[PDB]
There are 2 protein chains.
Amino acid sequence: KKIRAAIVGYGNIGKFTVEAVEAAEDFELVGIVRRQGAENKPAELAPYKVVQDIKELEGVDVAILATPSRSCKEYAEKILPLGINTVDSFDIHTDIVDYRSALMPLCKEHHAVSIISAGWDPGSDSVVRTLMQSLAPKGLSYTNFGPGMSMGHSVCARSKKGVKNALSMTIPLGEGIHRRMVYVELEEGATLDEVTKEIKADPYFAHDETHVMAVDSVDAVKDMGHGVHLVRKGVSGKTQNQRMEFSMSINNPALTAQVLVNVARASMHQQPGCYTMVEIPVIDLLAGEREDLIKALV
Amino acid sequence: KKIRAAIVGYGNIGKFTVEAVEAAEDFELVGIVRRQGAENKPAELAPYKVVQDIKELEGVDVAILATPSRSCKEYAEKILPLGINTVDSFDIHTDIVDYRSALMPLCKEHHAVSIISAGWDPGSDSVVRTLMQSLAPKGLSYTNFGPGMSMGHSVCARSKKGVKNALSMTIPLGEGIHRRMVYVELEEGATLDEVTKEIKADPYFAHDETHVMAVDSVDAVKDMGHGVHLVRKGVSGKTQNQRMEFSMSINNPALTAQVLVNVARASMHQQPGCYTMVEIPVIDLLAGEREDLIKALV
């Protein structure tokens, strides 16, 4: 009956994934997999087994990979041979086709399911974007992110000479165009002008309107709040000017965690293989009998 | 290669379905099925065979039912035994579970696919609504329709003593609450007060803020423009106040036709059985190979 889930990683996504699994009545949290295992166990993991390797856990249906994107394929290729399903929020848009092709034969060989790139973008937004395209298959779509923190752009800014700490905000200016507001703590003896020239030189910033401000504390300006505005204007049949929009004001990691739990659930109801979320019936994302959910939602 | 589609019915949906099939490069319009056949063939149906029964058409992969909702099950139960797939926009929310259970065994017996209730509501909106629920499975969803014409409420108003012609507008007041603006041509010797009391007495109007106005012409106030605002406010895991919204300003019949063509396409890629759109991967709604579509949209 209840789905037996393991969480691999305890970054922000991992913490919010525990909360998402705890809140889902149709789930059992078997344990959390950390490199450091049970050592210095956080207070909120008291009730759960914490281990160094997933083999130390018993009867795992699905592994939720709360790991960095660069680590997703490695952990998947290692957990699939155990006859265990994997879900991840792998967020490098350019690598998604290759990541899917790689896992596909491995997934089939081991009669197991991998659902990749299942955050809100990629993931949830990917579904809405695909539906919107279908409603008017001629015309233009735009994905407008924020205001919110960009982990990618934040890490990139942190890595530059003179930067002790950095937060990069993504701001939507519409039609897929973004403004970047970078807030930096300066390392002793570095100037704002130097750090600014170094940040704006990087491809991640050089093609976007970028503002770099110095601050006493980066932590004092952090907020996990984020958003999207998906816009489509186009043609149904030959009927012009069909307009549709989708928007979110959400907690970024909290939502990603909830979608990961949803695809963990969905993975139990697919034929073996690797899937993106646009290949998953949305009803499989929810708990309950198909008929009760169709009455409620269709 | 190209999908061979028949259109059953040539009301407004039927006209817009021809345009949607014409615009889809991966489709071939075999013919249109009218009660009256080819008899008074409209100018825009010149290039196409028009017949009284679908048996007169050859090599039909899928029948698009542009029929009234009360006629959908009848036409489906008659076209499935021919080994032909059916798609429809059956829009009676209360009957959808029973309509699905009825076709399921018939669909399986004849190795064929039925996709039911595939307009924008039910249908397209049903998908978004289901995704939004998944993003925050605790909290409240609302479906807010219009401004636009209600076929149901318009027919209901037309049927009342004193009403020569009627148009009922649906207006969204938020949180699933609607205002109804009914415009009537009065029959000889009937008063606004009489017609008003008769309209507001009907369950379709008695629980909604309703305004009835007299007009010289109902046709002079008609517009096929319609819309929706889907709202969800709820919890991801234990993280409160997750907000998301989906909106459309669309041509009503034009959109329904395009979704019907999309599920006609989707029906070619499912195991035999009856499906609502929340049971269909959104990628099957679009033309092209999965990899090209995943690169573009995920």
# chains A, B, ... in the order shown; residues from 1 in each chain; ligands from 1
call {"tool": "interface_residues", "arguments": {"of": "chain B", "to": "chain A", "cutoff": "6 Å", "atoms": "only C-alpha atoms", "output": "CSV table (one decimal) with N, CA and C atoms, in the first residue's frame"}}
result
chain,number,residue,atom,x,y,z
B,19,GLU,N,-11.0,23.7,-39.7
B,19,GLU,CA,-9.9,24.7,-39.7
B,19,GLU,C,-8.7,24.1,-38.9
B,20,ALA,N,-8.9,23.5,-37.8
B,20,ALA,CA,-7.9,22.9,-36.9
B,20,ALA,C,-7.2,21.7,-37.6
B,23,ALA,N,-5.0,22.9,-40.6
B,23,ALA,CA,-3.8,23.6,-40.1
B,23,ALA,C,-2.8,22.7,-39.6
B,122,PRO,N,-14.8,20.7,-19.7
B,122,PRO,CA,-13.6,19.9,-19.2
B,122,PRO,C,-12.6,19.7,-20.4
B,126,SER,N,-8.8,21.0,-17.1
B,126,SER,CA,-8.8,19.8,-16.3
B,126,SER,C,-7.3,19.4,-16.0
B,131,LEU,N,-2.6,19.4,-12.3
B,131,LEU,CA,-1.2,19.8,-12.0
B,131,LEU,C,-1.1,20.8,-10.8
B,134,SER,N,-1.5,19.2,-7.5
B,134,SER,CA,-0.3,18.4,-7.2
B,134,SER,C,0.8,19.3,-6.6
B,236,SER,N,2.6,23.3,-0.1
B,236,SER,CA,3.6,22.3,-0.5
B,236,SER,C,4.3,21.7,0.7
B,237,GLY,N,4.3,20.4,0.9
B,237,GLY,CA,4.8,19.8,2.2
B,237,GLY,C,4.1,20.4,3.4
B,242,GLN,N,1.4,28.8,-0.8
B,242,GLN,CA,1.9,28.6,-2.2
B,242,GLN,C,0.7,29.0,-3.1
B,243,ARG,N,1.0,30.0,-4.0
B,243,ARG,CA,-0.1,30.6,-4.9
B,243,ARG,C,0.3,30.4,-6.4
B,244,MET,N,-0.7,30.0,-7.2
B,244,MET,CA,-0.5,29.8,-8.6
B,244,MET,C,-1.8,30.1,-9.3
B,245,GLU,N,-1.8,30.6,-10.6
B,245,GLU,CA,-2.9,31.0,-11.4
B,245,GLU,C,-2.7,30.7,-12.8
B,246,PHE,N,-3.8,30.4,-13.5
B,246,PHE,CA,-3.8,30.1,-15.0
B,246,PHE,C,-5.0,30.9,-15.6
B,247,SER,N,-4.8,31.6,-16.7
B,247,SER,CA,-5.9,32.4,-17.3
B,247,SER,C,-5.8,32.3,-18.8
B,248,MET,N,-7.0,32.4,-19.4
B,248,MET,CA,-7.1,32.5,-20.9
B,248,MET,C,-8.1,33.6,-21.3
B,249,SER,N,-7.7,34.3,-22.4
B,249,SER,CA,-8.7,35.1,-23.2
B,249,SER,C,-8.7,34.5,-24.6
B,250,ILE,N,-9.7,33.7,-24.9
B,250,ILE,CA,-9.7,32.8,-26.1
B,250,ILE,C,-11.1,32.8,-26.8
B,255,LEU,N,-10.9,27.1,-29.8
B,255,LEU,CA,-10.0,26.4,-28.8
B,255,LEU,C,-10.5,24.9,-28.7
B,258,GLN,N,-9.4,22.8,-31.6
B,258,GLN,CA,-7.9,22.6,-31.5
B,258,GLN,C,-7.6,21.5,-30.5
B,278,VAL,N,-6.6,14.2,-18.2
B,278,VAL,CA,-5.7,14.1,-17.1
B,278,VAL,C,-5.0,12.7,-17.1
B,279,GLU,N,-5.3,11.8,-18.0
B,279,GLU,CA,-4.8,10.4,-18.1
B,279,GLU,C,-3.9,10.4,-19.3
B,280,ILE,N,-3.7,11.5,-20.0
B,280,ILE,CA,-2.9,11.6,-21.3
B,280,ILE,C,-1.7,12.4,-21.1
B,281,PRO,N,-0.5,11.9,-21.4
B,281,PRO,CA,0.7,12.7,-21.4
B,281,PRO,C,0.6,13.9,-22.3
B,282,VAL,N,0.9,15.1,-21.8
B,282,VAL,CA,0.7,16.3,-22.6
B,282,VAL,C,1.5,16.3,-23.9
B,283,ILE,N,2.6,15.6,-23.9
B,283,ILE,CA,3.5,15.6,-25.1
B,283,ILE,C,2.8,14.9,-26.3
B,286,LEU,N,0.9,17.2,-28.9
B,286,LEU,CA,1.7,17.9,-29.9
B,286,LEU,C,2.2,17.0,-31.0
B,297,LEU,N,10.7,22.3,-25.0
B,297,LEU,CA,9.7,22.6,-24.0
B,297,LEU,C,10.1,22.3,-22.6
B,298,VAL,N,10.9,21.2,-22.3
B,298,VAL,CA,11.3,20.8,-21.0
B,298,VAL,C,12.6,21.6,-20.6
call {"tool": "calpha_fit_rmsd", "arguments": {"fixed": "chain A", "moving": "chain B"}}
result
0.2 Å
call {"tool": "atom_distance", "arguments": {"atom1": "CA of residue 67 in chain A", "atom2": "CA of residue 15 in chain A"}}
result
11.8 Å
call {"tool": "residues_around", "arguments": {"residues": "range 188-201 of chain A", "least_positions_apart": "2", "cutoff": "9 Å", "atoms": "only C-alpha atoms", "output": "ChimeraX atom specification"}}
result
/A:156-157,160-164,182,184,186,203-208,210-214
call {"tool": "write_last_selection", "arguments": {"atoms": "C-alpha atoms", "output": "PDB file, in the first residue's frame"}}
result
ATOM      1  CA  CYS A 156      28.901  31.892 -10.396  1.00  0.00           C
ATOM      2  CA  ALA A 157      29.097  35.336  -8.627  1.00  0.00           C
ATOM      3  CA  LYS A 160      34.803  35.518  -8.697  1.00  0.00           C
ATOM      4  CA  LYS A 161      37.946  37.191  -7.181  1.00  0.00           C
ATOM      5  CA  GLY A 162      37.001  39.745  -4.445  1.00  0.00           C
ATOM      6  CA  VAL A 163      33.619  38.053  -3.614  1.00  0.00           C
ATOM      7  CA  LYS A 164      33.414  36.657  -0.007  1.00  0.00           C
ATOM      8  CA  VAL A 182      23.748  40.722  -7.539  1.00  0.00           C
ATOM      9  CA  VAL A 184      28.058  40.894  -2.695  1.00  0.00           C
ATOM     10  CA  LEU A 186      33.537  42.203  -0.571  1.00  0.00           C
ATOM     11  CA  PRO A 203      28.606  34.793 -20.042  1.00  0.00           C
ATOM     12  CA  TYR A 204      26.022  34.179 -17.197  1.00  0.00           C
ATOM     13  CA  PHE A 205      25.798  38.045 -16.832  1.00  0.00           C
ATOM     14  CA  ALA A 206      27.366  39.687 -19.972  1.00  0.00           C
ATOM     15  CA  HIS A 207      24.155  39.477 -22.137  1.00  0.00           C
ATOM     16  CA  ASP A 208      21.676  40.526 -19.337  1.00  0.00           C
ATOM     17  CA  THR A 210      23.123  43.419 -14.429  1.00  0.00           C
ATOM     18  CA  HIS A 211      23.382  45.617 -11.275  1.00  0.00           C
ATOM     19  CA  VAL A 212      26.019  44.717  -8.587  1.00  0.00           C
ATOM     20  CA  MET A 213      25.529  46.220  -5.053  1.00  0.00           C
ATOM     21  CA  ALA A 214      27.817  45.805  -1.963  1.00  0.00           C
TER      22      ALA A 214
END
call {"tool": "residues_around", "arguments": {"residues": "residue 72 in chain B", "least_positions_apart": "5", "cutoff": "7 Å", "atoms": "only C-alpha atoms", "output": "number ranges by chain"}}
result
B: 65, 67, 88, 90
call {"tool": "residues_around", "arguments": {"residues": "residue 146 in chain A", "least_positions_apart": "2", "cutoff": "8 Å", "atoms": "only C-alpha atoms", "output": "list in words"}}
result
residues 144, 148, 149, 169, 170, 171, 172, 226, 227 and 228 of chain A
call {"tool": "atom_distance", "arguments": {"atom1": "CA of residue 89 in chain A", "atom2": "CA of residue 116 in chain A"}}
result
6.2 Å
call {"tool": "residues_around", "arguments": {"residues": "residue 185 in chain A", "least_positions_apart": "2", "cutoff": "8 Å", "atoms": "only C-alpha atoms", "output": "list in words"}}
result
residues 163, 164, 165, 166, 183, 187, 214, 215, 216, 217 and 218 of chain A
call {"tool": "write_last_selection", "arguments": {"atoms": "N, CA and C atoms", "output": "PDB file, in the first residue's frame"}}
result
ATOM      1  N   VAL A 163      34.992  38.376  -4.106  1.00  0.00           N
ATOM      2  CA  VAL A 163      33.619  38.053  -3.614  1.00  0.00           C
ATOM      3  C   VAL A 163      33.725  37.050  -2.462  1.00  0.00           C
ATOM      4  N   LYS A 164      33.464  37.505  -1.231  1.00  0.00           N
ATOM      5  CA  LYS A 164      33.414  36.657  -0.007  1.00  0.00           C
ATOM      6  C   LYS A 164      32.109  35.853  -0.007  1.00  0.00           C
ATOM      7  N   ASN A 165      30.997  36.515  -0.338  1.00  0.00           N
ATOM      8  CA  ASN A 165      29.650  35.899  -0.484  1.00  0.00           C
ATOM      9  C   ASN A 165      28.861  36.686  -1.538  1.00  0.00           C
ATOM     10  N   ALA A 166      27.903  36.034  -2.196  1.00  0.00           N
ATOM     11  CA  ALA A 166      27.079  36.634  -3.268  1.00  0.00           C
ATOM     12  C   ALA A 166      25.692  35.987  -3.298  1.00  0.00           C
ATOM     13  N   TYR A 183      24.017  40.939  -5.113  1.00  0.00           N
ATOM     14  CA  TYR A 183      24.398  41.536  -3.806  1.00  0.00           C
ATOM     15  C   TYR A 183      25.640  40.797  -3.299  1.00  0.00           C
ATOM     16  N   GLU A 187      35.482  40.755  -0.159  1.00  0.00           N
ATOM     17  CA  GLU A 187      36.697  40.302   0.573  1.00  0.00           C
ATOM     18  C   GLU A 187      37.578  41.531   0.809  1.00  0.00           C
ATOM     19  N   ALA A 214      27.044  46.299  -3.126  1.00  0.00           N
ATOM     20  CA  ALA A 214      27.817  45.805  -1.963  1.00  0.00           C
ATOM     21  C   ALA A 214      26.889  45.814  -0.747  1.00  0.00           C
ATOM     22  N   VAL A 215      26.961  44.786   0.100  1.00  0.00           N
ATOM     23  CA  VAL A 215      26.114  44.663   1.327  1.00  0.00           C
ATOM     24  C   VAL A 215      26.961  44.096   2.470  1.00  0.00           C
ATOM     25  N   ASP A 216      26.578  44.413   3.708  1.00  0.00           N
ATOM     26  CA  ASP A 216      27.261  43.944   4.945  1.00  0.00           C
ATOM     27  C   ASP A 216      27.022  42.440   5.108  1.00  0.00           C
ATOM     28  N   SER A 217      25.791  41.973   4.860  1.00  0.00           N
ATOM     29  CA  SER A 217      25.395  40.542   4.948  1.00  0.00           C
ATOM     30  C   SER A 217      24.538  40.128   3.746  1.00  0.00           C
ATOM     31  N   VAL A 218      24.955  39.070   3.055  1.00  0.00           N
ATOM     32  CA  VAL A 218      24.181  38.397   1.975  1.00  0.00           C
ATOM     33  C   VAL A 218      23.020  37.627   2.613  1.00  0.00           C
TER      34      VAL A 218
END
call {"tool": "select_by_dssp", "arguments": {"residues": "range 59-281 of chain A", "states": "alpha helix (DSSP H)", "output": "PyMOL selection string"}}
result
chain A and resi 72-79+96-109+124-135+151-158+192-201+203-206+252-267
call {"tool": "write_last_selection", "arguments": {"atoms": "C-alpha atoms", "output": "short mmCIF file (atom, residue, chain, number, x, y, z; two decimals), in the first residue's frame"}}
result
data_model
loop_
_atom_site.label_atom_id
_atom_site.label_comp_id
_atom_site.auth_asym_id
_atom_site.auth_seq_id
_atom_site.Cartn_x
_atom_site.Cartn_y
_atom_site.Cartn_z
CA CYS A 72 22.14 12.95 -10.59
CA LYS A 73 23.18 10.50 -13.41
CA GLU A 74 25.98 8.97 -11.22
CA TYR A 75 23.55 8.20 -8.28
CA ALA A 76 20.79 7.00 -10.72
CA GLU A 77 23.14 4.56 -12.61
CA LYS A 78 24.13 3.17 -9.11
CA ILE A 79 20.56 2.91 -7.57
CA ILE A 96 17.99 16.60 -20.53
CA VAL A 97 17.68 14.65 -23.88
CA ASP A 98 21.11 12.92 -23.33
CA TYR A 99 20.38 12.24 -19.58
CA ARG A 100 17.06 10.58 -20.70
CA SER A 101 18.71 8.45 -23.52
CA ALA A 102 21.44 7.31 -21.01
CA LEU A 103 19.03 6.02 -18.27
CA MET A 104 16.40 4.55 -20.73
CA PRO A 105 18.15 1.17 -21.47
CA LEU A 106 19.41 0.85 -17.82
CA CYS A 107 15.83 1.51 -16.52
CA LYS A 108 14.33 -1.18 -18.88
CA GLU A 109 17.09 -3.78 -18.07
CA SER A 124 5.81 21.41 -13.37
CA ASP A 125 6.31 24.46 -15.72
CA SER A 126 7.41 22.00 -18.51
CA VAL A 127 3.89 20.37 -18.36
CA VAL A 128 2.00 23.75 -18.46
CA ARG A 129 4.34 25.05 -21.25
CA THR A 130 3.59 21.88 -23.35
CA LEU A 131 -0.22 22.13 -22.77
CA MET A 132 -0.17 25.90 -23.67
CA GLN A 133 1.77 25.13 -26.93
CA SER A 134 -0.94 22.50 -27.78
CA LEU A 135 -3.80 25.06 -27.20
CA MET A 151 21.42 29.14 -7.36
CA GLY A 152 23.39 28.92 -10.68
CA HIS A 153 24.06 32.72 -10.99
CA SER A 154 24.66 33.01 -7.16
CA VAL A 155 27.37 30.23 -7.25
CA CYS A 156 28.90 31.89 -10.40
CA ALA A 157 29.10 35.34 -8.63
CA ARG A 158 30.54 33.71 -5.40
CA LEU A 192 32.87 47.13 -5.98
CA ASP A 193 34.15 48.32 -9.44
CA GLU A 194 36.63 45.35 -9.68
CA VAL A 195 34.05 42.69 -8.57
CA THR A 196 31.42 44.28 -10.94
CA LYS A 197 33.74 44.08 -14.04
CA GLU A 198 34.60 40.42 -13.09
CA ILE A 199 30.88 39.38 -12.68
CA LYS A 200 29.64 41.20 -15.88
CA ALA A 201 32.53 39.62 -17.92
CA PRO A 203 28.61 34.79 -20.04
CA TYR A 204 26.02 34.18 -17.20
CA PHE A 205 25.80 38.04 -16.83
CA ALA A 206 27.37 39.69 -19.97
CA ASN A 252 11.33 27.59 -4.48
CA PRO A 253 12.82 24.51 -2.66
CA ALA A 254 9.48 23.70 -0.86
CA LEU A 255 7.72 23.34 -4.29
CA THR A 256 10.59 21.32 -5.91
CA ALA A 257 10.39 18.86 -2.93
CA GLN A 258 6.57 18.46 -3.37
CA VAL A 259 6.95 17.79 -7.16
CA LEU A 260 9.74 15.22 -6.35
CA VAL A 261 7.30 13.42 -3.94
CA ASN A 262 4.60 13.63 -6.72
CA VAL A 263 6.86 11.96 -9.40
CA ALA A 264 8.07 9.42 -6.74
CA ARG A 265 4.32 8.50 -6.48
CA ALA A 266 3.88 8.60 -10.32
CA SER A 267 6.94 6.27 -10.89
#
call {"tool": "residues_around", "arguments": {"residues": "residue 30 in chain B", "least_positions_apart": "6", "cutoff": "6 Å", "atoms": "only C-alpha atoms", "output": "PDB file with N, CA and C atoms, in the first residue's frame"}}
result
ATOM      1  N   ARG B   4      -5.790   9.940 -40.305  1.00  0.00           N
ATOM      2  CA  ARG B   4      -7.019  10.026 -41.145  1.00  0.00           C
ATOM      3  C   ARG B   4      -8.206  10.265 -40.209  1.00  0.00           C
ATOM      4  N   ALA B   5      -8.725  11.495 -40.192  1.00  0.00           N
ATOM      5  CA  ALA B   5      -9.764  11.945 -39.238  1.00  0.00           C
ATOM      6  C   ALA B   5     -11.087  12.169 -39.974  1.00  0.00           C
ATOM      7  N   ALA B   6     -12.188  11.747 -39.355  1.00  0.00           N
ATOM      8  CA  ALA B   6     -13.566  12.128 -39.732  1.00  0.00           C
ATOM      9  C   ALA B   6     -14.125  13.070 -38.661  1.00  0.00           C
TER      10      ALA B   6
END
call {"tool": "select_by_dssp", "arguments": {"residues": "range 159-209 of chain B", "states": "strand (DSSP E)", "output": "PDB file with N, CA and C atoms, in the first residue's frame"}}
result
ATOM      1  N   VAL B 163     -39.912  34.201 -23.692  1.00  0.00           N
ATOM      2  CA  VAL B 163     -38.542  34.396 -24.258  1.00  0.00           C
ATOM      3  C   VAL B 163     -38.533  33.928 -25.717  1.00  0.00           C
ATOM      4  N   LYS B 164     -38.463  34.871 -26.662  1.00  0.00           N
ATOM      5  CA  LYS B 164     -38.344  34.603 -28.123  1.00  0.00           C
ATOM      6  C   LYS B 164     -36.914  34.156 -28.440  1.00  0.00           C
ATOM      7  N   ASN B 165     -35.924  34.844 -27.861  1.00  0.00           N
ATOM      8  CA  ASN B 165     -34.478  34.517 -27.964  1.00  0.00           C
ATOM      9  C   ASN B 165     -33.784  34.969 -26.672  1.00  0.00           C
ATOM     10  N   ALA B 166     -32.671  34.326 -26.313  1.00  0.00           N
ATOM     11  CA  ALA B 166     -31.902  34.620 -25.082  1.00  0.00           C
ATOM     12  C   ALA B 166     -30.412  34.324 -25.294  1.00  0.00           C
ATOM     13  N   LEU B 167     -29.566  35.166 -24.699  1.00  0.00           N
ATOM     14  CA  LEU B 167     -28.117  34.930 -24.487  1.00  0.00           C
ATOM     15  C   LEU B 167     -27.833  35.117 -22.995  1.00  0.00           C
ATOM     16  N   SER B 168     -27.276  34.098 -22.337  1.00  0.00           N
ATOM     17  CA  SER B 168     -26.799  34.172 -20.935  1.00  0.00           C
ATOM     18  C   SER B 168     -25.273  34.312 -20.929  1.00  0.00           C
ATOM     19  N   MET B 169     -24.765  35.441 -20.423  1.00  0.00           N
ATOM     20  CA  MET B 169     -23.318  35.658 -20.174  1.00  0.00           C
ATOM     21  C   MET B 169     -22.964  35.121 -18.782  1.00  0.00           C
ATOM     22  N   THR B 170     -21.827  34.426 -18.673  1.00  0.00           N
ATOM     23  CA  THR B 170     -21.210  34.020 -17.385  1.00  0.00           C
ATOM     24  C   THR B 170     -20.096  35.021 -17.065  1.00  0.00           C
ATOM     25  N   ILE B 171     -20.167  35.638 -15.884  1.00  0.00           N
ATOM     26  CA  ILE B 171     -19.196  36.651 -15.382  1.00  0.00           C
ATOM     27  C   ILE B 171     -18.535  36.090 -14.122  1.00  0.00           C
ATOM     28  N   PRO B 172     -17.188  36.107 -14.030  1.00  0.00           N
ATOM     29  CA  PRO B 172     -16.494  35.630 -12.837  1.00  0.00           C
ATOM     30  C   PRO B 172     -16.460  36.695 -11.731  1.00  0.00           C
ATOM     31  N   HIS B 178     -20.171  33.145  -9.653  1.00  0.00           N
ATOM     32  CA  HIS B 178     -20.491  33.708 -10.989  1.00  0.00           C
ATOM     33  C   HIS B 178     -21.704  34.633 -10.911  1.00  0.00           C
ATOM     34  N   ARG B 179     -21.677  35.679 -11.741  1.00  0.00           N
ATOM     35  CA  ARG B 179     -22.821  36.561 -12.073  1.00  0.00           C
ATOM     36  C   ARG B 179     -23.318  36.158 -13.463  1.00  0.00           C
ATOM     37  N   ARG B 180     -24.638  36.135 -13.655  1.00  0.00           N
ATOM     38  CA  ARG B 180     -25.269  35.776 -14.952  1.00  0.00           C
ATOM     39  C   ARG B 180     -25.987  37.012 -15.497  1.00  0.00           C
ATOM     40  N   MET B 181     -25.573  37.476 -16.679  1.00  0.00           N
ATOM     41  CA  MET B 181     -26.199  38.601 -17.417  1.00  0.00           C
ATOM     42  C   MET B 181     -26.981  38.006 -18.595  1.00  0.00           C
ATOM     43  N   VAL B 182     -28.306  37.889 -18.460  1.00  0.00           N
ATOM     44  CA  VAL B 182     -29.190  37.303 -19.507  1.00  0.00           C
ATOM     45  C   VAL B 182     -29.804  38.451 -20.320  1.00  0.00           C
ATOM     46  N   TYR B 183     -29.654  38.402 -21.647  1.00  0.00           N
ATOM     47  CA  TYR B 183     -30.236  39.372 -22.610  1.00  0.00           C
ATOM     48  C   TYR B 183     -31.330  38.645 -23.395  1.00  0.00           C
ATOM     49  N   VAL B 184     -32.576  39.136 -23.325  1.00  0.00           N
ATOM     50  CA  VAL B 184     -33.755  38.455 -23.942  1.00  0.00           C
ATOM     51  C   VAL B 184     -34.425  39.388 -24.959  1.00  0.00           C
ATOM     52  N   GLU B 185     -34.838  38.810 -26.088  1.00  0.00           N
ATOM     53  CA  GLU B 185     -35.954  39.306 -26.932  1.00  0.00           C
ATOM     54  C   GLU B 185     -37.255  38.787 -26.313  1.00  0.00           C
ATOM     55  N   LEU B 186     -38.182  39.683 -25.968  1.00  0.00           N
ATOM     56  CA  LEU B 186     -39.509  39.311 -25.408  1.00  0.00           C
ATOM     57  C   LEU B 186     -40.445  38.891 -26.548  1.00  0.00           C
ATOM     58  N   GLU B 209     -26.200  35.393  -8.554  1.00  0.00           N
ATOM     59  CA  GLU B 209     -26.603  36.789  -8.855  1.00  0.00           C
ATOM     60  C   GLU B 209     -26.922  36.861 -10.349  1.00  0.00           C
TER      61      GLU B 209
END
call {"tool": "closest_residue", "arguments": {"among": "B:289, B:173, B:10, B:3", "to": "residue 66 in chain B", "atoms": "only C-alpha atoms"}}
result
B:10
call {"tool": "atom_distance", "arguments": {"atom1": "CA of residue 145 in chain A", "atom2": "CA of residue 224 in chain A"}}
result
13.4 Å
call {"tool": "closest_residue", "arguments": {"among": "B:119, B:68, B:37, B:42", "to": "residue 56 in chain B", "atoms": "only C-alpha atoms"}}
result
B:37
call {"tool": "decode", "arguments": {"residues": "range 168-183 of chain B", "atoms": "N, CA and C atoms", "output": "short mmCIF file (atom, residue, chain, number, x, y, z; two decimals), in the first residue's frame"}}
result
data_model
loop_
_atom_site.label_atom_id
_atom_site.label_comp_id
_atom_site.auth_asym_id
_atom_site.auth_seq_id
_atom_site.Cartn_x
_atom_site.Cartn_y
_atom_site.Cartn_z
N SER B 168 -27.28 34.10 -22.34
CA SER B 168 -26.80 34.17 -20.94
C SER B 168 -25.27 34.31 -20.93
N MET B 169 -24.77 35.44 -20.42
CA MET B 169 -23.32 35.66 -20.17
C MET B 169 -22.96 35.12 -18.78
N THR B 170 -21.83 34.43 -18.67
CA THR B 170 -21.21 34.02 -17.39
C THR B 170 -20.10 35.02 -17.06
N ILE B 171 -20.17 35.64 -15.88
CA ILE B 171 -19.20 36.65 -15.38
C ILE B 171 -18.53 36.09 -14.12
N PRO B 172 -17.19 36.11 -14.03
CA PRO B 172 -16.49 35.63 -12.84
C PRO B 172 -16.46 36.70 -11.73
N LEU B 173 -16.90 36.34 -10.52
CA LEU B 173 -16.81 37.21 -9.32
C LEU B 173 -15.76 36.64 -8.35
N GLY B 174 -14.94 35.70 -8.82
CA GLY B 174 -13.84 35.09 -8.05
C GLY B 174 -14.32 33.97 -7.14
N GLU B 175 -13.40 33.09 -6.73
CA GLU B 175 -13.64 31.99 -5.77
C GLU B 175 -14.81 31.10 -6.25
N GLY B 176 -14.92 30.88 -7.57
CA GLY B 176 -15.92 29.96 -8.17
C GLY B 176 -17.32 30.55 -8.22
N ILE B 177 -17.49 31.80 -7.78
CA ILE B 177 -18.79 32.53 -7.73
C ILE B 177 -18.98 33.25 -9.06
N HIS B 178 -20.17 33.15 -9.65
CA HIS B 178 -20.49 33.71 -10.99
C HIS B 178 -21.70 34.63 -10.91
N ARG B 179 -21.68 35.68 -11.74
CA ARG B 179 -22.82 36.56 -12.07
C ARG B 179 -23.32 36.16 -13.46
N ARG B 180 -24.64 36.13 -13.66
CA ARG B 180 -25.27 35.78 -14.95
C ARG B 180 -25.99 37.01 -15.50
N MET B 181 -25.57 37.48 -16.68
CA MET B 181 -26.20 38.60 -17.42
C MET B 181 -26.98 38.01 -18.60
N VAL B 182 -28.31 37.89 -18.46
CA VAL B 182 -29.19 37.30 -19.51
C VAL B 182 -29.80 38.45 -20.32
N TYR B 183 -29.65 38.40 -21.65
CA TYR B 183 -30.24 39.37 -22.61
C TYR B 183 -31.33 38.65 -23.40
#
